Structures are given as structure tokens and as C-alpha cells.
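Read on for two forms of one protein chain; each stands alone as C-alpha cells, with the labels structure 1 and structure 2.
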Structure 1
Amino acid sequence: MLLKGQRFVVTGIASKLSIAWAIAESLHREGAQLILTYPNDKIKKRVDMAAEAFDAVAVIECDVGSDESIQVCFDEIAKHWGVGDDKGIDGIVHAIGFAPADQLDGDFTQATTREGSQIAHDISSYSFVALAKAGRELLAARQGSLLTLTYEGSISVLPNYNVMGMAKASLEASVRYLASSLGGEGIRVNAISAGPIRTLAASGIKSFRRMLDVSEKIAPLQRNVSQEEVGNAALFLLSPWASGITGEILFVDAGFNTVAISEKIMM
């Protein structure tokens, strides 16, 4: 229905719990054709299953740490989607972040290192600019959009978020800059700031479970959001319904970012 005959490149699918899986899901449900990318061979398995679940046009390798990797990915994409009068792409989904585990443990000042910061910014922030660069002509040809996933750590302190907070502030700046750079070609650029999501994996970590729990206690809706809530918001922003929207950070966080002190917290 809504995305009939529209084409999307989705990155960052690591598994069934990935927000990007849910994004892929929402897009497929609405009639879209997908190419999915994978960073390495060990993650390739989970991507293939997504390929299966959603009838993926193609599954292409893409390490956003490698400009060469990105270039060849977009070359491959050109051959499915860059030939004919109907050439182009309707969206690119960036759902990639990484910081060395040791950057995110305890005191920001003690834990943050020159290299970890460099890596965090490269993979989490520059990579979006990199995909914008490689996708420009295809997106331009269908006036399609770019979408990234961010987080409130950028503008508000949360413990152990650390250098990812810096990397996300950076990525949100890139949203604004790209929207200015690309809007002349009718390409929209947007971000969703997802709330903390209770996953299987995440619930594993005492400190993470704790953060999830104060979240629910602060958030107006008195819960954490689900992946599907984020996927449907993403669906919206990638859809013709969002044609008037560029440069937006859309919070899908059950209202967390708007509270200073909740009544529930007062004890």
C-alpha cells in the first residue's frame, strides 16, 4: 500500500532484536523493496534471515568504517536500482553506532580516550555523512530521504554513555548540515531519538536494566517504547506522508526527554 514500488537500503540489522529489523519490517509490511547490508561475515547470517523474512532484492556488504566498502556497496546497489528511467532510491536507513566498550564504563573523564572517541565519532557520526555521499545520486533521482537513529545522551547526561553522547551530538549536527546540503535536490534528512528499549540482551546487564527502570519511572507513558513503535515512526519519516519534514529529530521515547523530575521519582 503506502510504499508500493519504493526502494530502501537498510543498514545496521544485527539480529531480530535490532531496531533496524523492526524498521525493515515496517517498510516491507507497507509494500517496499529492500536491500539490506551487513558489516562482516559473522553478522551476515542474521541479515540473510531478514532477507528471507522480507524478500530482499539483495544483501550487500557494507562496513561504514571503510570508504572503499561503502563505495562498492553503492556500486552494487546501482545495478539493481540505478538502471532505467525509474532509477533511484526512496530511502537510506542508518542504524549504526559503536564505541569501544571501555569508553562507556564509569567516570567520563577517566574512561574517555583519544582513540575511543575517534572510533565512536567515525563509526557513529561520520558514517552517516559517508552514506549520504555515496547515496546522493540515487536518492536525488527519486527525491528520497536519509534516516538515522540517535539518542538523548547527546544533549542530556546519562551515566556511562560518555563518548557516545558526544558522538550523537555530532550525528545530530550532521542531520542539520546534510538537510541543508541535500535539500536542493529534494532529499530530506531526519533522525529518530529512540527511548531506551527493553531487549533480551540488554536486560542481561544490571546497570542497563536499572537505567530502563528509572526510564519507565520518569517517562509520561510509564513504560519504555518497543522496536515496533520506532519502526513505524521510521516508516512515517521515510514515507510520502513526511514530505514536508527535513532536519527533524523525532523523539520516540514515550515522552522521557520532556521531564525534569517525575512525581514517581520524588521517592
Structure 2
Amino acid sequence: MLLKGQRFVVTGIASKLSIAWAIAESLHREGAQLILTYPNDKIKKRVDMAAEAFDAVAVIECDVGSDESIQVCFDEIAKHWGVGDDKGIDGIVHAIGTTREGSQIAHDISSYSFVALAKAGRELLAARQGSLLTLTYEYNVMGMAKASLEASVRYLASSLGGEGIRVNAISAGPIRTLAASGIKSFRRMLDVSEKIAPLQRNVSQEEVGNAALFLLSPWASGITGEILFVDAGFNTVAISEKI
């Protein structure tokens, strides 16, 4: 089992659009032990389900919008995993998601929050030379925040790399989810990108979770600063031809 005895903080299971569930599943499946976070005791029920399914070591409240909340969270993770001979974290997964305030809010929750976790997790990640992984999704001021987030990956890979901490991102294609499906205008992106993308389909959540597993695993120990597109080739694509 690829991750026997390895420890991962997974943040974002509260959202049905995040793919964090599939990442947790992929990680669990290979023997990792997981601590999952919930942003709000209002949105805790889905996380408890995962906790249940995945044998979560703990379930800790973390709102990635506030440094203090993050600090408290990491104080708690430190209690579980920041003691012992074999103290430390193998990975931290960040899988979260107009006026200036809309922009400000996008950048804060989507982009800065990743730097915020990296800071809070550095000591523990350093202890086991673990990695950070963020997700990005493929139209608004979320384009600006996407770009922002991907730039933090390069800065962080460079600033954390001296401690042996890898930092990487997956860029996920459009995925067909329930509910996401019943929008009828998101439905229509999926219809189109299925025809656009080289593989002529949309990626599954399983494909994203397995790519995430890879980046978080020993197999990816030579890889840092990377944006891995998991999108059936959508991003690389070129011209309509007859559409």
C-alpha cells in the first residue's frame, strides 16, 4: 500500500463541487490516515460522512477565510500528529471552490487561503518532507483568482523547497456531478467540452483523485512547482474545425 502510515489533512469535503471527497477516497484507498476539515458546524454533516467512510483520525473545524481559525485547526492537528518520534504531515490538500469586493473575496478564499495553510502547516510538512496540493477548476473574476492561485504554487514551491516540501496543483477539467448537472447552463459546458476535448469525454472524479494521490505520493518525489492538467486534454486543444 503506497501510503501506509502517511498523514494527510484534506480541506474542502464540505463542497459537493470540490472533488475533495474523491481525493480523500483515493488517499484512504492506499492506506493513508486522514484528518478532514469542515468550514462551519453548519456544514459538517458531509464531512462526518467522509470521516465515517474513511476512518478519519479527526474532524477539525477550519474556515480557510480566517488566519485564527486556521491557527486553531493546526494547533489541534499538532496535538494528533505534531508529537511522537515520527511527528509530521505527509500532505495538505487545498480543494476549496462583479464588484471589487467579489474579486477581493475570490482572491482571499481561493488564492490567499492556500498560502495561509502552507504557513500554518510548514513545520509539520517539513518534519516528514511532505507536500501541498491545491485544485483549480475549468470564467469570471475566478479566472484572476485561478492565475493568482497558480502563481502561489511557484512561489511556495520555491520558498518551501529548501525544507524538502513539494508544492503542486491540479487543474481539473469540467466534471459531470449530480446537482452541478441540474443547472442546465453548466450542463451545457459539459456537453460542449465533451466534444471539444481530445479524449471526447469529461474526466471523472476518480481520475482527479488518482492524479491527486500520485502528486501526494512517493512516486511524485521529483515533482514540485507543477500545474498538472487533468482534463482529458481540454486545455491543450486547438481550433473548432467544423463547429
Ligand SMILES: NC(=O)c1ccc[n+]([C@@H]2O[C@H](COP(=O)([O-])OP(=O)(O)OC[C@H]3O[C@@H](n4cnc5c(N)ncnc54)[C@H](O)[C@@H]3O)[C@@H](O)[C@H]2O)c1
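The first residue in the sequence of structure 1 is number 1, and each one after it adds one. Basically, rigid core = biggest C-alpha set you can superpose within 1.5 Å across the two forms. Residues that one form lacks are left out of the comparison.
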* Compare the two displayed forms of this chain and pick out the form solved in complex with nicotinamide-adenine-dinucleotide. => 1
* Note yes or no: does the Cα of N257 move by 2 Å or more between structures 1 and 2 after the core is superposed? => no
* Quick one: how many Å does the C-alpha of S18 shift between structures 1 and 2 once the rigid core is superposed? => 4.2
* With the core fitted, just quote the Cα shift at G204 between structures 1 and 2, in angstrom to one decimal. => 1.1
* Structure fact -> On a rigid core fit between structures 1 and 2, runs of three or more residues in which every CA shifts by 2 Å or more occupy 15 to 18, 262 to 265
